[PDB]
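Raw contents of run14.cif, mmCIF, N, CA and C atoms:
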```
data_my_file
loop_
_atom_site.group_PDB
_atom_site.id
_atom_site.type_symbol
_atom_site.label_atom_id
_atom_site.label_comp_id
_atom_site.auth_asym_id
_atom_site.auth_seq_id
_atom_site.Cartn_x
_atom_site.Cartn_y
_atom_site.Cartn_z
ATOM 1 N N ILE S 464 12.966 13.062 -7.709
ATOM 2 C CA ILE S 464 13.809 13.599 -6.600
ATOM 3 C C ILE S 464 13.395 15.046 -6.310
ATOM 4 N N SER S 465 13.210 15.870 -7.345
ATOM 5 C CA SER S 465 12.715 17.254 -7.114
ATOM 6 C C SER S 465 11.275 17.225 -6.593
ATOM 7 N N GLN S 466 10.433 16.352 -7.152
ATOM 8 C CA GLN S 466 8.989 16.322 -6.791
ATOM 9 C C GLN S 466 8.761 15.930 -5.327
ATOM 10 N N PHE S 467 9.488 14.935 -4.810
ATOM 11 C CA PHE S 467 9.178 14.444 -3.438
ATOM 12 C C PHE S 467 10.292 14.737 -2.421
ATOM 13 N N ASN S 468 11.441 15.269 -2.848
ATOM 14 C CA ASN S 468 12.546 15.474 -1.870
ATOM 15 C C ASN S 468 12.824 16.973 -1.694
ATOM 16 N N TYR S 469 13.530 17.591 -2.649
ATOM 17 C CA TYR S 469 13.894 19.030 -2.530
ATOM 18 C C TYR S 469 13.509 19.795 -3.800
ATOM 19 N N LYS S 470 12.737 20.878 -3.655
ATOM 20 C CA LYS S 470 12.379 21.727 -4.825
ATOM 21 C C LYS S 470 12.901 23.148 -4.576
ATOM 22 N N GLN S 471 13.638 23.717 -5.535
ATOM 23 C CA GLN S 471 14.175 25.099 -5.396
ATOM 24 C C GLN S 471 13.043 26.121 -5.568
ATOM 25 N N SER S 472 13.165 27.301 -4.948
ATOM 26 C CA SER S 472 12.068 28.306 -5.002
ATOM 27 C C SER S 472 12.109 29.086 -6.319
ATOM 28 N N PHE S 473 11.008 29.068 -7.076
ATOM 29 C CA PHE S 473 10.924 29.817 -8.359
ATOM 30 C C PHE S 473 10.957 31.332 -8.125
ATOM 31 N N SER S 474 10.241 31.831 -7.108
ATOM 32 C CA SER S 474 10.124 33.302 -6.905
ATOM 33 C C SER S 474 11.477 33.946 -6.587
ATOM 34 N N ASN S 475 12.258 33.328 -5.698
ATOM 35 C CA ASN S 475 13.600 33.866 -5.352
ATOM 36 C C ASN S 475 14.590 33.451 -6.442
ATOM 37 N N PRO S 476 15.550 34.306 -6.859
ATOM 38 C CA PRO S 476 16.554 33.873 -7.828
ATOM 39 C C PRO S 476 17.317 32.721 -7.165
ATOM 40 N N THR S 477 17.478 31.600 -7.873
ATOM 41 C CA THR S 477 18.112 30.410 -7.244
ATOM 42 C C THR S 477 19.183 29.822 -8.164
ATOM 43 N N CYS S 478 20.297 29.361 -7.588
ATOM 44 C CA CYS S 478 21.362 28.710 -8.395
ATOM 45 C C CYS S 478 21.474 27.245 -7.962
ATOM 46 N N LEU S 479 21.387 26.311 -8.912
ATOM 47 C CA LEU S 479 21.558 24.874 -8.568
ATOM 48 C C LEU S 479 22.977 24.453 -8.952
ATOM 49 N N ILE S 480 23.776 24.027 -7.970
ATOM 50 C CA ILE S 480 25.200 23.677 -8.245
ATOM 51 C C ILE S 480 25.433 22.219 -7.843
ATOM 52 N N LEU S 481 26.009 21.408 -8.734
ATOM 53 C CA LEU S 481 26.361 20.016 -8.348
ATOM 54 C C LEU S 481 27.887 19.947 -8.254
ATOM 55 N N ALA S 482 28.418 19.512 -7.109
ATOM 56 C CA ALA S 482 29.887 19.510 -6.922
ATOM 57 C C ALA S 482 30.343 18.178 -6.321
ATOM 58 N N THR S 483 31.578 17.766 -6.620
ATOM 59 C CA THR S 483 32.131 16.512 -6.044
ATOM 60 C C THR S 483 33.307 16.875 -5.133
ATOM 61 N N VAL S 484 33.312 16.362 -3.900
ATOM 62 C CA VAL S 484 34.393 16.701 -2.926
ATOM 63 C C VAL S 484 35.727 16.159 -3.452
ATOM 64 N N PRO S 485 36.841 16.922 -3.371
ATOM 65 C CA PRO S 485 38.156 16.410 -3.772
ATOM 66 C C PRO S 485 38.691 15.364 -2.783
ATOM 67 N N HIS S 486 39.580 14.483 -3.250
ATOM 68 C CA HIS S 486 40.181 13.443 -2.371
ATOM 69 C C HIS S 486 40.967 14.124 -1.248
ATOM 70 N N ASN S 487 41.633 15.242 -1.551
ATOM 71 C CA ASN S 487 42.480 15.941 -0.547
ATOM 72 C C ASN S 487 41.623 16.386 0.645
ATOM 73 N N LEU S 488 40.398 16.859 0.396
ATOM 74 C CA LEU S 488 39.558 17.378 1.508
ATOM 75 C C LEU S 488 38.866 16.194 2.191
ATOM 76 N N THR S 489 39.214 15.928 3.454
ATOM 77 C CA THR S 489 38.628 14.777 4.194
ATOM 78 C C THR S 489 37.589 15.269 5.207
ATOM 79 N N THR S 490 37.296 16.573 5.217
ATOM 80 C CA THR S 490 36.347 17.139 6.214
ATOM 81 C C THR S 490 34.957 16.525 6.010
ATOM 82 N N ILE S 491 34.539 16.354 4.752
ATOM 83 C CA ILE S 491 33.209 15.746 4.445
ATOM 84 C C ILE S 491 33.244 14.261 4.824
ATOM 85 N N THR S 492 32.099 13.692 5.209
ATOM 86 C CA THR S 492 32.045 12.232 5.488
ATOM 87 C C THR S 492 31.113 11.589 4.456
ATOM 88 N N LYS S 493 31.590 10.579 3.725
ATOM 89 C CA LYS S 493 30.766 9.977 2.642
ATOM 90 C C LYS S 493 29.562 9.246 3.242
ATOM 91 N N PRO S 494 28.335 9.412 2.697
ATOM 92 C CA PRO S 494 27.169 8.652 3.166
ATOM 93 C C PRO S 494 27.261 7.198 2.678
ATOM 94 N N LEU S 495 26.551 6.279 3.339
ATOM 95 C CA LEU S 495 26.621 4.844 2.951
ATOM 96 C C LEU S 495 26.133 4.725 1.505
ATOM 97 N N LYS S 496 25.029 5.399 1.165
ATOM 98 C CA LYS S 496 24.547 5.426 -0.243
ATOM 99 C C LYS S 496 23.701 6.688 -0.437
ATOM 100 N N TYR S 497 23.590 7.184 -1.673
ATOM 101 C CA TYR S 497 22.699 8.347 -1.921
ATOM 102 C C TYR S 497 21.254 7.886 -1.715
ATOM 103 N N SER S 498 20.451 8.657 -0.975
ATOM 104 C CA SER S 498 19.070 8.204 -0.660
ATOM 105 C C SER S 498 18.047 9.310 -0.939
ATOM 106 N N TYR S 499 17.020 9.004 -1.737
ATOM 107 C CA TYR S 499 15.939 9.984 -2.025
ATOM 108 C C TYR S 499 14.597 9.250 -1.921
ATOM 109 N N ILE S 500 13.508 9.994 -1.719
ATOM 110 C CA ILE S 500 12.162 9.358 -1.615
ATOM 111 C C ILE S 500 11.514 9.368 -3.005
ATOM 112 N N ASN S 501 11.290 8.184 -3.586
ATOM 113 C CA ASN S 501 10.738 8.111 -4.967
ATOM 114 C C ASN S 501 9.309 8.670 -5.020
ATOM 115 N N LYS S 502 8.468 8.351 -4.028
ATOM 116 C CA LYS S 502 7.090 8.913 -3.997
ATOM 117 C C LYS S 502 6.603 9.151 -2.565
ATOM 118 N N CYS S 503 5.782 10.185 -2.358
ATOM 119 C CA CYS S 503 5.166 10.436 -1.027
ATOM 120 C C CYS S 503 3.657 10.591 -1.238
ATOM 121 N N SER S 504 2.843 9.839 -0.492
ATOM 122 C CA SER S 504 1.371 9.887 -0.689
ATOM 123 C C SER S 504 0.654 9.753 0.657
ATOM 124 N N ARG S 505 -0.584 10.243 0.752
ATOM 125 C CA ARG S 505 -1.367 10.054 2.001
ATOM 126 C C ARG S 505 -2.630 9.254 1.675
ATOM 127 N N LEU S 506 -2.857 8.152 2.392
ATOM 128 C CA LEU S 506 -4.087 7.344 2.188
ATOM 129 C C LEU S 506 -5.197 7.930 3.065
ATOM 130 N N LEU S 507 -6.370 8.181 2.482
ATOM 131 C CA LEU S 507 -7.501 8.779 3.241
ATOM 132 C C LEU S 507 -8.122 7.726 4.164
ATOM 133 N N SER S 508 -8.929 8.162 5.136
ATOM 134 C CA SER S 508 -9.538 7.227 6.118
ATOM 135 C C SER S 508 -10.416 6.200 5.393
ATOM 136 N N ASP S 509 -11.127 6.624 4.342
ATOM 137 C CA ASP S 509 -12.011 5.701 3.578
ATOM 138 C C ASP S 509 -11.165 4.575 2.972
ATOM 139 N N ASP S 510 -9.947 4.880 2.499
ATOM 140 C CA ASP S 510 -9.010 3.873 1.916
ATOM 141 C C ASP S 510 -9.330 3.692 0.426
ATOM 142 N N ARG S 511 -10.418 4.304 -0.052
ATOM 143 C CA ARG S 511 -10.735 4.248 -1.504
ATOM 144 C C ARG S 511 -10.026 5.416 -2.203
ATOM 145 N N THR S 512 -9.537 6.389 -1.429
ATOM 146 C CA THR S 512 -8.890 7.585 -2.031
ATOM 147 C C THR S 512 -7.462 7.740 -1.499
ATOM 148 N N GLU S 513 -6.480 7.909 -2.389
ATOM 149 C CA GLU S 513 -5.082 8.169 -1.947
ATOM 150 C C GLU S 513 -4.584 9.431 -2.661
ATOM 151 N N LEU J 415 -26.682 -11.766 2.790
ATOM 152 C CA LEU J 415 -26.807 -12.223 4.202
ATOM 153 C C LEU J 415 -28.278 -12.470 4.565
ATOM 154 N N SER J 416 -29.186 -11.610 4.091
ATOM 155 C CA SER J 416 -30.633 -11.817 4.359
ATOM 156 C C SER J 416 -31.120 -13.104 3.686
ATOM 157 N N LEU J 417 -30.702 -13.349 2.440
ATOM 158 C CA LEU J 417 -31.194 -14.539 1.691
ATOM 159 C C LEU J 417 -30.723 -15.835 2.361
ATOM 160 N N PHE J 418 -29.457 -15.899 2.779
ATOM 161 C CA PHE J 418 -28.920 -17.158 3.359
ATOM 162 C C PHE J 418 -28.428 -16.903 4.783
ATOM 163 N N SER J 419 -28.875 -17.712 5.747
ATOM 164 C CA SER J 419 -28.341 -17.558 7.124
ATOM 165 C C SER J 419 -26.836 -17.827 7.072
ATOM 166 N N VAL J 420 -26.031 -16.976 7.710
ATOM 167 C CA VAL J 420 -24.552 -17.137 7.594
ATOM 168 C C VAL J 420 -24.057 -17.965 8.781
ATOM 169 N N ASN J 421 -23.715 -19.231 8.531
ATOM 170 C CA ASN J 421 -23.205 -20.120 9.609
ATOM 171 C C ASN J 421 -21.853 -19.597 10.106
ATOM 172 N N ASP J 422 -20.960 -19.222 9.183
ATOM 173 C CA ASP J 422 -19.638 -18.662 9.571
ATOM 174 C C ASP J 422 -19.340 -17.415 8.736
ATOM 175 N N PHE J 423 -18.996 -16.296 9.381
ATOM 176 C CA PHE J 423 -18.579 -15.097 8.607
ATOM 177 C C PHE J 423 -17.133 -14.769 8.990
ATOM 178 N N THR J 424 -16.207 -14.860 8.030
ATOM 179 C CA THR J 424 -14.783 -14.525 8.299
ATOM 180 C C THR J 424 -14.186 -13.789 7.097
ATOM 181 N N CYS J 425 -13.324 -12.799 7.339
ATOM 182 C CA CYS J 425 -12.621 -12.111 6.221
ATOM 183 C C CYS J 425 -11.119 -12.111 6.518
ATOM 184 N N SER J 426 -10.288 -12.477 5.539
ATOM 185 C CA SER J 426 -8.825 -12.587 5.783
ATOM 186 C C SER J 426 -8.082 -11.421 5.128
ATOM 187 N N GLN J 427 -7.279 -10.684 5.907
ATOM 188 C CA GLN J 427 -6.458 -9.557 5.375
ATOM 189 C C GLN J 427 -7.369 -8.387 4.981
ATOM 190 N N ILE J 428 -8.623 -8.394 5.448
ATOM 191 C CA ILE J 428 -9.589 -7.310 5.099
ATOM 192 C C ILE J 428 -10.705 -7.255 6.148
ATOM 193 N N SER J 429 -11.461 -6.153 6.186
ATOM 194 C CA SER J 429 -12.594 -6.008 7.137
ATOM 195 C C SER J 429 -13.908 -6.038 6.348
ATOM 196 N N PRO J 430 -14.955 -6.763 6.802
ATOM 197 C CA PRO J 430 -16.200 -6.879 6.036
ATOM 198 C C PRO J 430 -16.851 -5.504 5.830
ATOM 199 N N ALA J 431 -16.839 -4.662 6.867
ATOM 200 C CA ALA J 431 -17.406 -3.300 6.745
ATOM 201 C C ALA J 431 -16.611 -2.522 5.692
ATOM 202 N N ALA J 432 -15.283 -2.680 5.686
ATOM 203 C CA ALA J 432 -14.431 -1.933 4.732
ATOM 204 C C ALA J 432 -14.783 -2.324 3.291
ATOM 205 N N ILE J 433 -14.990 -3.618 3.019
ATOM 206 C CA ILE J 433 -15.244 -4.037 1.607
ATOM 207 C C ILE J 433 -16.556 -3.404 1.126
ATOM 208 N N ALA J 434 -17.587 -3.385 1.980
ATOM 209 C CA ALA J 434 -18.886 -2.790 1.593
ATOM 210 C C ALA J 434 -18.733 -1.282 1.368
ATOM 211 N N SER J 435 -18.043 -0.587 2.278
ATOM 212 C CA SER J 435 -17.900 0.890 2.174
ATOM 213 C C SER J 435 -17.059 1.288 0.957
ATOM 214 N N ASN J 436 -15.963 0.569 0.696
ATOM 215 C CA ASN J 436 -15.040 0.959 -0.405
ATOM 216 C C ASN J 436 -15.550 0.434 -1.747
ATOM 217 N N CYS J 437 -15.488 1.258 -2.796
ATOM 218 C CA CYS J 437 -15.855 0.763 -4.148
ATOM 219 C C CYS J 437 -14.809 -0.276 -4.561
ATOM 220 N N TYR J 438 -15.218 -1.323 -5.279
ATOM 221 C CA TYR J 438 -14.266 -2.406 -5.636
ATOM 222 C C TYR J 438 -13.945 -2.325 -7.129
ATOM 223 N N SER J 439 -12.661 -2.355 -7.481
ATOM 224 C CA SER J 439 -12.305 -2.369 -8.921
ATOM 225 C C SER J 439 -12.890 -3.633 -9.563
ATOM 226 N N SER J 440 -12.787 -4.781 -8.891
ATOM 227 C CA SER J 440 -13.434 -6.016 -9.409
ATOM 228 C C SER J 440 -14.018 -6.809 -8.237
ATOM 229 N N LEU J 441 -15.074 -7.588 -8.484
ATOM 230 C CA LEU J 441 -15.699 -8.407 -7.412
ATOM 231 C C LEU J 441 -15.832 -9.853 -7.898
ATOM 232 N N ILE J 442 -15.171 -10.793 -7.218
ATOM 233 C CA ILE J 442 -15.315 -12.233 -7.584
ATOM 234 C C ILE J 442 -16.160 -12.909 -6.505
ATOM 235 N N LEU J 443 -17.282 -13.519 -6.896
ATOM 236 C CA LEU J 443 -18.116 -14.264 -5.918
ATOM 237 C C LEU J 443 -18.085 -15.745 -6.299
ATOM 238 N N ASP J 444 -17.723 -16.613 -5.353
ATOM 239 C CA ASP J 444 -17.596 -18.063 -5.654
ATOM 240 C C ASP J 444 -18.672 -18.817 -4.870
ATOM 241 N N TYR J 445 -19.492 -19.617 -5.557
ATOM 242 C CA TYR J 445 -20.505 -20.440 -4.845
ATOM 243 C C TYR J 445 -20.237 -21.923 -5.122
ATOM 244 N N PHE J 446 -20.130 -22.725 -4.061
ATOM 245 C CA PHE J 446 -19.919 -24.187 -4.223
ATOM 246 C C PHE J 446 -20.648 -24.919 -3.093
ATOM 247 N N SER J 447 -21.135 -26.137 -3.341
ATOM 248 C CA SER J 447 -21.760 -26.917 -2.241
ATOM 249 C C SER J 447 -20.664 -27.311 -1.246
ATOM 250 N N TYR J 448 -20.887 -27.052 0.046
ATOM 251 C CA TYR J 448 -19.891 -27.444 1.077
ATOM 252 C C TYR J 448 -20.597 -27.989 2.324
ATOM 253 N N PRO J 449 -20.105 -29.084 2.947
ATOM 254 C CA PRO J 449 -20.694 -29.595 4.191
ATOM 255 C C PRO J 449 -20.541 -28.635 5.381
ATOM 256 N N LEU J 450 -21.591 -28.505 6.196
ATOM 257 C CA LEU J 450 -21.539 -27.633 7.401
ATOM 258 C C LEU J 450 -20.510 -28.176 8.398
ATOM 259 N N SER J 451 -20.405 -29.500 8.537
ATOM 260 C CA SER J 451 -19.527 -30.090 9.584
ATOM 261 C C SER J 451 -18.056 -29.689 9.413
ATOM 262 N N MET J 452 -17.529 -29.673 8.185
ATOM 263 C CA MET J 452 -16.075 -29.399 8.012
ATOM 264 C C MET J 452 -15.803 -27.891 7.959
ATOM 265 N N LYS J 453 -16.118 -27.155 9.031
ATOM 266 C CA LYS J 453 -15.804 -25.700 9.076
ATOM 267 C C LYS J 453 -14.284 -25.516 9.046
ATOM 268 N N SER J 454 -13.553 -26.326 9.819
ATOM 269 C CA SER J 454 -12.072 -26.211 9.899
ATOM 270 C C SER J 454 -11.419 -26.543 8.554
ATOM 271 N N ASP J 455 -11.928 -27.558 7.849
ATOM 272 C CA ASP J 455 -11.284 -28.004 6.584
ATOM 273 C C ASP J 455 -11.308 -26.863 5.561
ATOM 274 N N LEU J 456 -12.410 -26.110 5.490
ATOM 275 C CA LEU J 456 -12.450 -24.940 4.575
ATOM 276 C C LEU J 456 -11.600 -23.824 5.190
ATOM 277 N N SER J 457 -10.607 -23.328 4.449
ATOM 278 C CA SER J 457 -9.745 -22.222 4.943
ATOM 279 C C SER J 457 -9.165 -21.463 3.749
ATOM 280 N N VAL J 458 -8.780 -20.197 3.942
ATOM 281 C CA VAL J 458 -8.114 -19.446 2.838
ATOM 282 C C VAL J 458 -6.805 -20.177 2.528
ATOM 283 N N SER J 459 -6.039 -20.534 3.563
ATOM 284 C CA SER J 459 -4.805 -21.342 3.363
ATOM 285 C C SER J 459 -4.745 -22.413 4.458
ATOM 286 N N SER J 460 -4.584 -23.686 4.080
ATOM 287 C CA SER J 460 -4.459 -24.771 5.090
ATOM 288 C C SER J 460 -3.755 -25.992 4.492
ATOM 289 N N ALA J 461 -3.255 -26.890 5.346
ATOM 290 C CA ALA J 461 -2.632 -28.145 4.861
ATOM 291 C C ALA J 461 -3.739 -29.187 4.672
ATOM 292 N N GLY J 462 -4.980 -28.826 5.014
ATOM 293 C CA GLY J 462 -6.124 -29.750 4.883
ATOM 294 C C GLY J 462 -6.448 -30.038 3.429
ATOM 295 N N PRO J 463 -7.099 -31.175 3.102
ATOM 296 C CA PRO J 463 -7.345 -31.558 1.707
ATOM 297 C C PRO J 463 -8.178 -30.539 0.917
#
```
Rewrite the coordinates I just gave you, this time as structure tokens.
Amino acid sequence: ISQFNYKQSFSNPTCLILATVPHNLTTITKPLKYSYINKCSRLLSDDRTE
Amino acid sequence: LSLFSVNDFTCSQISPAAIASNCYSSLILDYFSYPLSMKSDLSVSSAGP
């Protein structure tokens, strides 16, 4: 998930926070399912190299 | 191709130029006696015998 979706910047001081919305707060809209890209790759024109 | 005149050249799910250009992890070559007349009967997938 960090490798192919979102990576935090090492040079800038960064804080990673995981939070769960409370039942009382209805402003957020729940997504159908959590979705991340497992791998991202580019196939070269030759097709022997990816 | 030089050694044997090619009566029919066909490639399924691949391009003949691509197979030659790309290195192959494995290569299987199959040789069997086959009649020239039954071109249709020979197929990668068919309901033919």
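Within 8 Å of chain J, and using only N, CA and C atoms, the residues found on chain S are residues 509, 510, 511 and 512 of chain S.
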Enclose the full set of atoms of stretch 419-435 of chain J listed in the file within a box whose edges lie along x, y and z, apply 6 Å of padding to each of the six sides, and report centre and edge lengths in Å to one decimal as lines of an AutoDock Vina configuration file.
```
center_x = -17.7
center_y = -9.4
center_z = 5.5
size_x = 34.4
size_y = 33.4
size_z = 21.1
```
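Between atom C of residue S:480 and atom CA of residue S:496 there is a distance of 18.5 Å.
Using all atoms listed in the file, the residues found no farther than 7 Å from residue S:500, other than those of its own chain fewer than 2 positions away, are residues 464, 467, 468, 498, 502 and 503 of chain S.
From atom CA of residue J:419 back to atom CA of residue J:457, the distance works out to 19.3 Å.
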Exercise for the section: Please identify which residues in chain J DSSP calls helix (DSSP H, G or I) from the backbone, and express them as a ChimeraX atom specification. Expected result: /J:430-435
Fill in the blank from the handout: As a check of understanding: the span from atom C of residue S:495 to atom N of residue S:482 is 17.3 Å
Is there a way to complete stretch 430-441 of chain J with N, CA, C and O atoms and then write that out as an mmCIF file, in the coordinates of the input?
```
data_model
loop_
_atom_site.group_PDB
_atom_site.id
_atom_site.type_symbol
_atom_site.label_atom_id
_atom_site.label_comp_id
_atom_site.auth_asym_id
_atom_site.auth_seq_id
_atom_site.Cartn_x
_atom_site.Cartn_y
_atom_site.Cartn_z
ATOM 1 N N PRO J 430 -14.955 -6.763 6.802
ATOM 2 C CA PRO J 430 -16.200 -6.879 6.036
ATOM 3 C C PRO J 430 -16.851 -5.504 5.830
ATOM 4 O O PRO J 430 -17.330 -5.237 4.741
ATOM 5 N N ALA J 431 -16.839 -4.662 6.867
ATOM 6 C CA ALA J 431 -17.406 -3.300 6.745
ATOM 7 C C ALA J 431 -16.611 -2.522 5.692
ATOM 8 O O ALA J 431 -17.239 -1.801 4.891
ATOM 9 N N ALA J 432 -15.283 -2.680 5.686
ATOM 10 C CA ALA J 432 -14.431 -1.933 4.732
ATOM 11 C C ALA J 432 -14.783 -2.324 3.291
ATOM 12 O O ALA J 432 -14.867 -1.414 2.448
ATOM 13 N N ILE J 433 -14.990 -3.618 3.019
ATOM 14 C CA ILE J 433 -15.244 -4.037 1.607
ATOM 15 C C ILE J 433 -16.556 -3.404 1.126
ATOM 16 O O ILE J 433 -16.597 -2.951 -0.032
ATOM 17 N N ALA J 434 -17.587 -3.385 1.980
ATOM 18 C CA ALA J 434 -18.886 -2.790 1.593
ATOM 19 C C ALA J 434 -18.733 -1.282 1.368
ATOM 20 O O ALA J 434 -19.245 -0.787 0.347
ATOM 21 N N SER J 435 -18.043 -0.587 2.278
ATOM 22 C CA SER J 435 -17.900 0.890 2.174
ATOM 23 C C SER J 435 -17.059 1.288 0.957
ATOM 24 O O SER J 435 -17.441 2.258 0.274
ATOM 25 N N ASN J 436 -15.963 0.569 0.696
ATOM 26 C CA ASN J 436 -15.040 0.959 -0.405
ATOM 27 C C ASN J 436 -15.550 0.434 -1.747
ATOM 28 O O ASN J 436 -15.991 -0.730 -1.794
ATOM 29 N N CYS J 437 -15.488 1.258 -2.796
ATOM 30 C CA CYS J 437 -15.855 0.763 -4.148
ATOM 31 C C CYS J 437 -14.809 -0.276 -4.561
ATOM 32 O O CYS J 437 -13.634 -0.104 -4.191
ATOM 33 N N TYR J 438 -15.218 -1.323 -5.279
ATOM 34 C CA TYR J 438 -14.266 -2.406 -5.636
ATOM 35 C C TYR J 438 -13.945 -2.325 -7.129
ATOM 36 O O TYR J 438 -14.866 -2.242 -7.944
ATOM 37 N N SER J 439 -12.661 -2.355 -7.481
ATOM 38 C CA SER J 439 -12.305 -2.369 -8.921
ATOM 39 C C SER J 439 -12.890 -3.633 -9.563
ATOM 40 O O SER J 439 -13.460 -3.525 -10.663
ATOM 41 N N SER J 440 -12.787 -4.781 -8.891
ATOM 42 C CA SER J 440 -13.434 -6.016 -9.409
ATOM 43 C C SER J 440 -14.018 -6.809 -8.237
ATOM 44 O O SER J 440 -13.473 -6.699 -7.123
ATOM 45 N N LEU J 441 -15.074 -7.588 -8.484
ATOM 46 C CA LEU J 441 -15.699 -8.407 -7.412
ATOM 47 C C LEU J 441 -15.832 -9.853 -7.898
ATOM 48 O O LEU J 441 -16.546 -10.075 -8.893
#
```
